[PDB]
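Only this structure's heavy atoms are used, side chains among them; waters, hydrogens and symmetry mates stay out. Proteins come first, then strands; the chains are lettered A, B, ... in the order of their sequence lines, and each starts at number 1.
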There are 2 protein chains.
Amino acid sequence: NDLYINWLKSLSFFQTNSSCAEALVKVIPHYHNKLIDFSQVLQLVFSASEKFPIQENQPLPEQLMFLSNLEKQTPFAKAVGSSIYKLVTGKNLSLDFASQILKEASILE
Amino acid sequence: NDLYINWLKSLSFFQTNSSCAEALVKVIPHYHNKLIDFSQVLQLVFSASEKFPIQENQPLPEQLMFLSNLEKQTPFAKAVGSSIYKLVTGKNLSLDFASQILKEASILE
């Protein structure tokens, strides 16, 4: 709620991409009005991102060990890991970087 | 009520998707037994939709612009818009098309 949002704002990935902030500021209202849900907030916020290590054609075994691990995460971490995985497949976001964002959120929760 | 059901059945999105029609059939009983409200009926029914335009990747601006417009809609139109936005973000349902569906429900109301 206000909780998952704070945790989101606590993320280092979030803090290094000012575009994500300008996004959360302009999206959080519709989340308060119950127009959209947290999953949507994350997709909309992380879609504005633009700065992160890139790795093309990342190996399948690593991808799968990241997903088996994400599959076992706690609520908040899972939603973030999954949203970020979108960036890994569609924008080549380095898998290790994703693994760190997940680790970090894994702790905040 | 036996008014929203009719408004729902009036939407082209509903008429062009027989799947939504079947859904409504299986879902409405729980609505009558009062386990779910109509906003829920809307979500469930639309989750069954299959036919619609898929605009992949819609710039954040367009999104926020559609949400603030949805924000000031009437009750039924707000409910219909919110359920459809789920598809927008989760299935890349065209924002234009979405706007259309929302206009039509805005009218019936």
Side-chain angles (χ1 to χ4, degrees), chain A residues 1-2 4-5 8-9 11 13-52 54 56 67 70-71 75-76 78-93, chain B residues 4 13 36-47 49 52 54-106 109:
Chain A
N1 212 174
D2 196 309
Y4 282 2
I5 286 182
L8 165 58
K9 305 173 66 179
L11 297 182
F13 179 59
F14 179 74
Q15 302 177 302
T16 62
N17 295 73
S18 63
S19 62
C20 285
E22 293 184 18
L24 179 57
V25 172
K26 290 194 199 69
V27 172
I28 201 171
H30 312 306
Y31 170 66
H32 291 318
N33 307 326
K34 313 308 172 189
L35 290 180
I36 63 185
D37 57 57
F38 194 64
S39 311
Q40 292 174 306
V41 177
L42 289 180
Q43 183 185 306
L44 295 178
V45 172
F46 291 145
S47 54
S49 68
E50 42 205 351
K51 299 178 185 180
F52 50 74
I54 295 166
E56 174 171 6
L67 283 160
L70 175 66
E71 226 306 310
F76 175 84
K78 194 183 285 183
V80 180
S82 188
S83 186
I84 294 296
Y85 190 62
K86 296 291 188 184
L87 301 194
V88 165
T89 53
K91 291 174 184 182
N92 283 162
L93 186 145
Chain B
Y4 287 140
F13 186 56
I36 59 180
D37 63 62
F38 193 73
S39 281
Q40 291 170 301
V41 173
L42 287 184
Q43 196 164 305
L44 298 171
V45 174
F46 288 162
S47 75
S49 70
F52 57 82
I54 306 173
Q55 161 80 67
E56 195 181 17
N57 286 68
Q58 265 128 162
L60 175 63
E62 286 69 295
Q63 299 300 306
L64 310 177
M65 189 69 109
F66 165 97
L67 287 173
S68 52
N69 180 301
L70 166 66
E71 218 307 299
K72 49 200 179 185
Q73 285 293 162
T74 43
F76 182 76
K78 179 164 282 184
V80 166
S82 187
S83 298
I84 300 299
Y85 194 60
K86 297 292 179 230
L87 299 181
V88 159
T89 75
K91 291 167 187 170
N92 291 162
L93 179 154
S94 182
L95 207 49
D96 279 315
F97 185 65
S99 306
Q100 282 170 50
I101 315 292
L102 177 65
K103 184 175 183 178
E104 190 177 331
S106 182
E109 183 170 35

Evaluate whether atom NZ of A:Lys51 has more than 12 neighbouring non-hydrogen atoms of other residues, nucleotides or ligands under 6.0 angstrom away.
no
4.5 Å side-chain heavy-atom contact, B:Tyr85 and A:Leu35:
no
Check whether more than 12 heavy atoms from other residues, nucleotides or ligands sit under 6.0 Å from atom OH of B:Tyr4, and answer yes or no.
no
Does any backbone or side-chain atom of B:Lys78 lie under 4.5 Å from a heavy atom of chain A? Answer side chain, backbone, both or neither.
side chain
Heavy atoms only: give me the nearest B:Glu71-A:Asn33 pair and the separation to one decimal.
OE2-ND2, 3.4 Å
For B:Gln63, which atoms come within 4.5 Å of any heavy atom of chain A: side chain, backbone, both, or neither?
side chain
Working to the nearest 0.5 angstrom, can you tell me the gap between B:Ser82 OG and A:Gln40 CD?
7.0 Å
Tell me, for B:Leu67 versus chain A, whether the close heavy atoms (under 4.5 Å) come from the side chain, the backbone, both or neither.
both
Would you give the length of the straight line joining atom CG of A:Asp37 to atom OG1 of B:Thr89, rounded to the nearest 0.5 angstrom?
6.5 Å
A:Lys91, NZ atom: more than 12 neighbouring heavy atoms under 6.0 Å:
yes
